[PDB]
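Q: Chains as they are written, first to last, in my numbering: chain A, 1 to 50; chain B, 1 to 365; chain C, 1 to 516; chain D, 1 to 50; chain E, 1 to 97; chain F, 1 to 464; chain G, 1 to 464.
Yeah, the Cβ is synthetic: ideal placement off N, Cα and C, and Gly gets one too.
Mind looking over this structure? Questions follow.
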Amino acid sequence: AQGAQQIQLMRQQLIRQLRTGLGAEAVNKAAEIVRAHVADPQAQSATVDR
Amino acid sequence: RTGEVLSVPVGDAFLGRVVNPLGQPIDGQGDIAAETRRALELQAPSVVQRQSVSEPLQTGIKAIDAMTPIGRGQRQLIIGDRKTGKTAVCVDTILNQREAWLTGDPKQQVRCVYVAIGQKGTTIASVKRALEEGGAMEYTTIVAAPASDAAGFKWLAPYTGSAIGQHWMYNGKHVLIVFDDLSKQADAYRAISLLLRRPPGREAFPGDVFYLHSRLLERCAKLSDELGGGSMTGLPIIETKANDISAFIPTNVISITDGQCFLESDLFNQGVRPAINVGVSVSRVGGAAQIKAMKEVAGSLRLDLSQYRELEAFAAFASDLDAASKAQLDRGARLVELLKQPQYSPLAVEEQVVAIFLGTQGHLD
Amino acid sequence: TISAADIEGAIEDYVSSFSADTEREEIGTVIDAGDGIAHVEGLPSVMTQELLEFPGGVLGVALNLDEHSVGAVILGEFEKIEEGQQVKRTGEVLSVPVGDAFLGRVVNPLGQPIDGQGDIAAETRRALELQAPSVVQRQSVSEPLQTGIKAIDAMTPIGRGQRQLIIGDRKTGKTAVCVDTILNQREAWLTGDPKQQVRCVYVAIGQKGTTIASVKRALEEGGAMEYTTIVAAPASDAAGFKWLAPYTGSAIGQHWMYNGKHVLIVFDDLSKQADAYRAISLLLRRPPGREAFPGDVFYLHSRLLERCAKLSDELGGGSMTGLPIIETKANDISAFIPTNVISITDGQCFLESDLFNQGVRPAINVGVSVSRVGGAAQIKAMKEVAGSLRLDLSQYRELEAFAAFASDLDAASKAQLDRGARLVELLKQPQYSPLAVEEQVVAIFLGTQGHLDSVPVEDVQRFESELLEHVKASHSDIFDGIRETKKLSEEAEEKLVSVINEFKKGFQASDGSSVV
Amino acid sequence: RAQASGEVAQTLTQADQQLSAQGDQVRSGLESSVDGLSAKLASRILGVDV
Amino acid sequence: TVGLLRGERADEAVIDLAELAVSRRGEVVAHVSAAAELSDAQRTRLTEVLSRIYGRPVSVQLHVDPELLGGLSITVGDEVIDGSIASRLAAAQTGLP
Amino acid sequence: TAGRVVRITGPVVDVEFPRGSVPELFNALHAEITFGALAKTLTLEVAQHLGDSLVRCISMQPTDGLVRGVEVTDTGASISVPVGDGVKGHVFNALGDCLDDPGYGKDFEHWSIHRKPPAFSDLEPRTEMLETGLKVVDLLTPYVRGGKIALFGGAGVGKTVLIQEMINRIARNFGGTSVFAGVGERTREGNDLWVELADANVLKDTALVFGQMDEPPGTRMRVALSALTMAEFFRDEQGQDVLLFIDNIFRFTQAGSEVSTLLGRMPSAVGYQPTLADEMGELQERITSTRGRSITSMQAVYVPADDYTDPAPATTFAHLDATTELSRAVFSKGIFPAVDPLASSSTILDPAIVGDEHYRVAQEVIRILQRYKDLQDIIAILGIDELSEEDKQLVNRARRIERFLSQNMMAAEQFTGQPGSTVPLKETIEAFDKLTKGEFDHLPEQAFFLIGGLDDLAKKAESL
Amino acid sequence: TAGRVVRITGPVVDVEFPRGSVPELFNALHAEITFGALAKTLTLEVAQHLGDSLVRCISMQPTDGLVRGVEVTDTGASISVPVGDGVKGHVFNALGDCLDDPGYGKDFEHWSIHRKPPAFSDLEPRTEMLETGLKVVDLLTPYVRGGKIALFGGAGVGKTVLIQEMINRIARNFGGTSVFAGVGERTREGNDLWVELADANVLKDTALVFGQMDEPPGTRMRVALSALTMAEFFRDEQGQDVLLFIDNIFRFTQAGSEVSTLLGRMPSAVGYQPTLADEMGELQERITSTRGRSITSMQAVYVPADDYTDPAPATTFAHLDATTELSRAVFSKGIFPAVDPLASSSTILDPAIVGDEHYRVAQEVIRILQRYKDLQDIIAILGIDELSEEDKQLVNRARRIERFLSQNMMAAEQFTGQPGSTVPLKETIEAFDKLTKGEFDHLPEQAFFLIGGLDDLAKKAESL
């Protein structure tokens, strides 16, 4: 039973590793999009107005 | 402002003179022919420059040279209570060297510095008269910081004694330093440091008092042959209150030094003069400081005295004791008599080896 | 197996839940830092004991609020702090996250995970400095906390809501006794009723990392990690963590306690918390009292231990039991911190090192240990069978000290001396071997009712271990009768004596002899 | 106990190879989704439909 | 001021002089930072909001910097508004599970 | 117009007031904490004036969540406690909030806690011996009705057992009204006492004040003055005789130390406050039986690290008429109540007050125990056998007299299961006179533990 | 960007920096001393930030000749020490500068001496016994892999021989290397050690670090952390087992107390630094095993006044797992390596961690040696002829067991020319089980001296 509990622990540790690797890639790509959007002063002044 | 850090003059002209810590002549015999000037705080010889200790410093005291040998290059602590003979042991050590100094060989001629910190003026005059009676004033320099002098001089006195000494050491001479005594050194440096509003630590000492004693003592060394093979031997004295050795300055100097001759007032009163507690005094250099003729004799001596100290309680019942240990008791009692010695009468090595031979080989029984 | 849907759904939940409140807030600057304390300028609105945060991802506690600047103690890696760093308010009084999600986790004092296993799914937050329940809210301790050590459960029973001091020397089994107590609860935890289902907190202050890891392993191997949470402040971290580690341990506990759960707290060890508070106080330049401790170490340890109580049924019948460990410098039980904690707790189990080296294990000093709650928390079977044993053992110890050089003595002394030697031999047991109370009562019956009076001293521990397995294989109705009624009825006692006699009539003595 | 201990190690190592192979499939599928999710995060940061 | 500094730091001294000057004028000051200089109508709007976020009329000093890629941050007294898009990026990076 | 908080350090809070509106010393101030679940109204007591309209205050609650710049209002009077006959039966904290019924007593007469002691012209020394039915107490330290009595000792030797015993010996039958002041003892005992006084029905005739160890030092020190204000109301306004039990009064001096170091006063001796003897004196002198009325007070006194030269025990010893002193060493022997016979004393133990037949016995017992406590140094190395017959005769009965001073107290019944015992003074005098003369020397030492009276001695000795 | 020296007081130096460039604490700063006789580059470590951009520092070298307002250049990192295989067979100061050949190792990788201990997840969850291959060590006092061992002794007790032994043991049996940390060592003893390890030709595998007594307490404190940072590299990057000598850990405690006093921090019990247990914990916890690799430690530990309650040893003995004491009374018999079998102790010696047979045999050998130690007085006073036959048969075994603890250790190979032995554990626990049962009593004592293993005893018995 303790072996099977540790199987599920390794399963959860893999899900967390995958989840955090995905999240890191989502933010990495999101910084590209923000920098690509913030490329002209029309977006600056709209953002200060917002 | 003068343009230089603390310096003292040095040279051979200091031999047989008495000087204050700045190297000014205090005896009034005349000006000193200063040969060179050294800073007080030059670097000690580093771990690559030294050599192993392997030459005797003949003390001329049976209870030292046979059991806690001092080799030229060692730092040996004469820790004791007041009025137990510390000053007398060190004066004997300086007097003994005359038998060598009369020979012309620089490899044998030990020069001596006695550094008096916080002594009364007549006590320094007594010590000078004791060394004159022995002829030691041919080859010994006294640095006098008498108790009348301001705390600054008491604090510098050990350093200037070492600074005069190092000039001879680096020229390939052999030097003996006696500091008498580092407890009043530490008390002067505590006075200075507290007046300067520096932070006090244990026993009111400033934080660096270990470093103050260490940077003094670690300048004693034996140099390698590439530096002329000179050496300096330190006999720091310290005075212990009520025979404790867990006070701050004792603990520091016991941790710094290579060997510790405990002098106890109880043994002094019981007739064992000099009062060396041979049951607790040790030397870390050991046999490497003794000549072969001394090893061949003294080897069993520490064991015989340890067995005697164990048996001592049975002296009251010596009839009922087994004969094979009754003989050990009777040997031990004769060895304890054999280790006594009158002051100002140091024995040359060739006479003390014969003295220890009498006891150890059983002829005395 | 794993699936992509859960990972994608968790990232999409974080993404959709992301927003910024854009809140206006005071930013201060560090004007001084040193040795684990820092002074902050600005922060006009900071509360006293607000949790600050610093740019390195480091927290601090605002202790002193002067006219110009705020003295903050630094928690964790104060190396990362320097002058001119900005500091911001967390907006919370000094608090820890709490909840059932801590069961089976190792956390540092701040309630951050240290095992590397994952984030903590916290239910809420609790402030550390919430007052203990008042004199009207408490109830009398009336319920057994079974430790599974014969020496303890016989003479010094621990009740739910007691504080029992495990004072001892260095290396005498204090940690072994507390781990044994945490293990013994597993036989209860496997039942569903909150009333029996005791859950546990072990807080390590100033332990070696290997000793914490060894405890984590011993509790995994026993199955105790289902219900134990470990607050770890190992000897390597800053004084502020070693100071908080008991408080956060109690705060994790109290959230369950006020819900009507039962909680066990082990403080291992509360002397190293006192030394950490001595560090933090002397770095603040407050003047020392006795033994260099600041004046308020009593207000450290009492503020801690008074949280442990049993609540009245009007407040939910929950309870918290504290086993503070103290380390004693060469057994001087009259030292400052020993006497401070002895003045707080409801009793102590002094562990004497001079006995431990002779192989008396656990080394319970029966002459100095007490329980000031006493038999009120001890099941009526154990109370009836063992309740004499304590004084009989103490007078055995003084009699042994007298008779050690008596050439001959009266028969009443010799009979008492042999009984006492057999009872001391009876009470020891090996490590990690928790005995259920239904077996402890029978093990002590053997002694107190003199059924051992045939047996030579070298046989006795073997004899007791074997007989408990005899009565576990056949005649189980003894242990069922005891457990199901908490009393040793006469109609069971006769069956017990019959099994005892039937075993003695078949007992090969270890000396090669045999007896009846 | 020794027989069951060995069987636990066989099962734990059996899951180790299974889970690691499954995770390499999972990481591939999420690389498609993460470009979509990251664009949502950029709109959350900016406040506008980039 | 430089004739009588008596132990204060020169940069803090001149900043304290600017804060005294505006206080005598009956206003207050905020420091503002952004990637690009706001329009005049934008500055009038900004003043019109700060005059509702605080009692005294808040004057402004603009410290333009490309670090705050979007939005602006406002500092006044010792309170701050973290309105920069780069702070939103740092929040979304650190907040992640 | 009102003040503002300007500095906070632990339970100590500095507040600035308008130039003319500075409050007098010991006025109570209010402050608000509004954080969340921690929210409460703080009470502060003004302890110093720092100058420039700034005052420094001791907090009666934990300061946790107080923020600089909150408004403080001055109530213009000291901390007040409800007094009246309706106080009896209920439980109170230092501020006079009832714990049993939150609204109760709000409408009573309130007295200021801070008051002057009675005038020297109104004092008179009390001499009437109180009988407690404890052998060691009634023999060697006869307590004084209307005096001040104290129980000393290190941690874990018997304060709480012996105090609840004394409650059972005196307050169970005393015709007057009792107050109990829990100052800085463990809260679990406060609840055990509150339950027990309801079981024995006595609660209806006593008021309890509590101030247990969790409370911050500001209130922990003020609890003793709160409960004393109720006691001196019963003394002066109702003219009843009062019992005032206090436990543990060393916690008062300790809380005074903590607040004093936070107030920033220099440390004294082992780091107690200066004023220690003035603060202790100001509490103790108020507990006195002025002419025509009486206040029998019993005080427990802790001793840290068993150090009977600690400044706190050393200062309190001056104020006391009978001082029972407990000891670790005597406790280790299995003697209970573990009273040290030689250190402990009573001022009324003289032939004029107790009679010659009591005094001569007491002096003979003390002489025997003193000679034993001198021979102890040899006894520890060589055993009994080395002693001369004139000394070995003495030590044999010393060991018996020592063990016989033990008693099975009514309180310990809940632990040992043996019932309690009360012996009258006359039977005690007769037994110790017989023991010192030797009429029991032939019995074994073990027969003498935890007896009580002479017929119970016989009954025990017959079973051996 | 450079700073200025603003205040100097003994070893303590304050520096002021430009507002934006204040160094992070524990950074190394460099400063110049230009006076001709005392020309130095002076290394400062940052201790505190005093505000106003002032930084409190402590000097790693004497401050003599330093002048106010000299320039200070920050290095931007902690004190860093060289790491790599080319560190072996060289002598370094705490600051990583070589003493055997100046300027050596500048090109090596440098690591920060201030780095964190292992993460919780990486520690090994159980202790493993180190099979060092020395009879007395393995049987009576088993060493713990990655544990700390206290060592006691002095000159004329073989202590340097035991060091050379353990260095050879780690190099040959485990393929590891050793580091030696001279924490406040005598410069004479440091040169005697350097020449002794060179003459034994073991220095090729040892890195030496000396913090000499001559230098200020900042260096005598940091030397232990320097040596530990070399050892951490060998464990983590080279993947070797490492053996770390410390001589003497009391001087690490003392140096820390003196720095704390120079920084003006208030001293605690008997005058140590207030951080003591953390100051020490940040060293001792960092010595451990992880990821199957280990830093074993031997620590010589002085005890002030011989009392194991003083905070310096009381702190230190919390960390360490084993205690080897060397005795002159054993060395004078000719028993090498002179490990005292009764005064030495170990904490891994439990039936749960070593086999039940190992624990039994260790308890029997301790019992026999304890009996002989109790008889030695009768032997010395009255002679063997005063004994009975039953105990004289015990002494006949005890003499042989005491001899059989001796080993021909690899350090002696310089002199004897015979090789050193390495007995397996499963051999030595048979050999002492047989020897306690007396099966070898017909052999003379000379057959057991220096013998090594049981088959060697069989050879030497037939040679004699």
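State the CB to CB distance for the pair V175/B and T160/B, rounded to an integer number of angstroms; the pair is presumed to be in contact (CB under 8 angstroms).
A: Counted from its first residue, the second sequence places residue 175/B at position 175. Counted from its first residue, the second sequence places residue 160/B at position 160. Contact doesn't hold; Cβ gap of about 14 angstroms is too wide.
Q: Taking the DSSP output, what are the residues bridged to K148/F?
A: Indexing the sixth sequence from 1 puts residue 148/F at position 148. BP columns for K148/F point to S297/F.
Q: Please tell me whether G259/B and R75/B are closer than 9 angstroms, where the distance is taken between their beta carbons.
A: Taking the first residue of the second sequence as 1, we reach residue 259/B at position 259. Taking the first residue of the second sequence as 1, we reach residue 75/B at position 75. Result yes, Cβ atoms of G259/B and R75/B sit closer than 9 angstroms.
Q: Can you tell me which of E37/E, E19/E, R52/E and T94/E puts its alpha carbon nearest to the alpha carbon of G56/C?
A: Stepping through the third sequence from its first residue, residue 56/C is reached at position 56. That would be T94/E, whose Cα lies nearest to the Cα of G56/C.
Q: Counting only the same chain and skipping the five closest in sequence on each side, list residues whose C-beta sits under 7 angstroms from that of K154/B.
A: On the second sequence, position 154 is the one that residue 154/B refers to. Counting only Cβ-Cβ distances below 7 angstroms, and skipping sequence neighbours, we find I117, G118, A145, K184, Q185 and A188.
Q: Tell me the start and end of each unbroken beta strand (DSSP E) in the region 98-133 of chain F that is at least 3 residues and wholly inside, in chain order.
A: As far as the region 98-133 of chain F is concerned, its whole beta strand (DSSP E) runs of at least 3 residues are 109-112.
Q: Below 9 angstroms between beta carbons: does that hold for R222/G and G184/G?
A: To locate residue 222/G, count along the seventh sequence from 1; it is residue 222. To locate residue 184/G, count along the seventh sequence from 1; it is residue 184. Cβ distance not < 9 angstroms, so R222/G and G184/G don't count as in contact.
Q: With a threshold of 8 angstroms, establish whether the CB of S78/F neighbours any heavy atom of the ligand FAD.
A: In the structure shown, the ligand FAD is absent, as is every other ligand, since no ligand is present at all.
Q: Can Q139/C and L311/C be called in contact, C-beta distance under 9 angstroms?
A: Translated into the one-based positions of the third sequence, residue 139/C becomes position 139. Translated into the one-based positions of the third sequence, residue 311/C becomes position 311. Result yes, Cβ atoms of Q139/C and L311/C sit closer than 9 angstroms.
Q: Can you grab the Cα-Cα spacing for the pair residue 514/F / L54/F, in whole Å?
A: Chain F is shown from 1 up to 464; residue 514/F falls before or after that span and cannot be answered.
Q: Does any CB atom of chain D fall closer than 9 angstroms to the CB of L72/E?
A: On the fifth sequence, position 72 is the one that residue 72/E refers to. So no, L72/E is outside the interface.
Q: Does any residue of chain A bring its CB to less than 9 angstroms from the CB of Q131/C?
A: Within the third sequence, the letter at position 131 stands for residue 131/C. It does not: the Cβ of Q131/C has no partner Cβ on chain A nearer than 9 angstroms.
Q: Considering only DSSP beta bridges, list what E45/F is partnered with.
A: Counted from its first residue, the sixth sequence places residue 45/F at position 45. Its beta-bridge partners are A28/F and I58/F.
Q: Assuming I166/C contacts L323/C (C-beta within less than 8 angstroms), just tell me the rounded distance between them.
A: Here residue 166/C refers to the residue found at position 166 of the third sequence. Here residue 323/C refers to the residue found at position 323 of the third sequence. Their Cβ separation, rounded to whole angstroms, is 6 angstroms, which keeps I166/C and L323/C in contact under 8 angstroms.
Q: Using a beta-carbon distance cut-off of less than 7 angstroms, what residues from the region 48-75 of chain C approach chain F?
A: Flagged, chain order: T48, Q49, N64, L65, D66 and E67.
Q: So, does the CB of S38/D fall closer than 9 angstroms to a CB anywhere in chain A?
A: For the purposes of this step, residue 38/D is taken as residue 38 along the fourth sequence, with counting starting at 1. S38/D counts as touching chain A.
Q: Could you tell me the boundaries of the beta strand (DSSP E) in which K383/C lies?
A: Start at 1 with the first residue of the third sequence, and residue 383/C comes out as number 383. Unbroken run through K383/C is the alpha helix (DSSP H), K380 to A386; no beta strand (DSSP E).
Q: So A77/G and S21/G are supposed to be a Cβ contact under 8 angstroms. How far apart are they, rounded?
A: In the seventh sequence, residue 77/G corresponds to position 77, counting from 1. In the seventh sequence, residue 21/G corresponds to position 21, counting from 1. Wrong, their Cβ atoms sit about 15 angstroms apart, outside the cutoff.
Q: What are the boundary residues of the beta strand (DSSP E) that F245/F is part of?
A: Position 245 of the sixth sequence, counted from the start, is the residue given in the question as residue 245/F. Here the beta strand (DSSP E) through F245/F covers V242 to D247.
Q: Counting only runs that start and end within the region 293-328 of chain C, where is the beta strand (DSSP E) found for 3 or more residues in a row?
A: Segments of the beta strand (DSSP E) lying fully in the region 293-328 of chain C: 319-324.
Q: By Cβ distance below 7 angstroms, which residues in the same chain neighbour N168/F in space, the five residues on each side in sequence not counted?
A: Position 168 of the sixth sequence, counted from the start, is the residue given in the question as residue 168/F. Once the five neighbours on either side are set aside, the close Cβ partners of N168/F are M410 and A411.
Q: Relative to the alpha-carbon of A231/F, which residue among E196/F, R293/F and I368/F has its alpha-carbon at the smallest distance?
A: Translated into positions along the sixth sequence, residue 231/F becomes position 231. Nearest of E196/F, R293/F and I368/F to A231/F, Cα basis: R293/F.
Q: Check whether the region 278-297 of chain B and the region 87-100 of chain B touch, using three or more Cβ-Cβ pairs below 8 angstroms as the test.
A: Judged by Cβ distances under 8 angstroms, the region 278-297 of chain B makes no contact with the region 87-100 of chain B, as fewer than three pairs qualify.
Q: Does the structure place the region 34-46 of chain C close enough to the region 57-66 of chain F that three or more beta carbon pairs sit under 8 angstroms?
A: Segments in contact, no.
Q: If you count every other CB in all the chains shown that lies within 10 Å of the CB of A92/E, and 16 or more means buried, which is it?
A: Taking the first residue of the fifth sequence as position 1, residue 92/E is located at position 92. When all chains shown are included, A92/E counts as buried.
Q: Can you give me the start and stop residues for the beta strand (DSSP E) that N168/G sits inside?
A: Numbered from 1 along the seventh sequence, position 168 holds the residue referred to as residue 168/G. Per DSSP, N168/G belongs to no beta strand (DSSP E); it is in the alpha helix (DSSP H), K159 to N173.
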